[PDB]
């Protein structure tokens, strides 16, 4: 579902991402910006302020895991449904996460990439990354029933 150029645009920027630091930032802002999401991360500890969320060890650890699975999706970009099938079952069956919340994380991730890359984050690089986050959200929703 991505053109050859779009793939270049995405893989091109992702190679420059600090997947360690970007993961905690994106999950952190998820919890700050859309605070209802904190309800799912109860066992992470103190989330009582933007400052507590952003320095929370568990937020950072989980953020890294979230961004590794996003990297695995970019290898398997032509079979995103297949790559995320196990994770889709988990979020449905065990975690009871409404899939609308996947769209929120994607856009927060897009905001964080724009924060880091500035002018380098073209309107056109943005578009290709919207297709990707949409594809991931859709694939995570696919095993819900």
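Positions refer to the first chain, counted from 1.
- When the C-alpha B-factors of 29-37 and 73-81 are averaged, 73-81 comes out higher.
- Of the two segments examined, 18-26 and 131-139, it is 18-26 that shows the higher average Cα temperature factor in the deposited entry.
- Taking the PDB entry at face value, the top CA B factor among 43, 88, 107, 101 belongs to 43.
- Among the modelled residues of its chain, residue 50 has a C-alpha B-factor that falls in the highest third, as given in the PDB entry.
- Residue 119: CA B factor lies in the highest third for its chain, per the PDB record.
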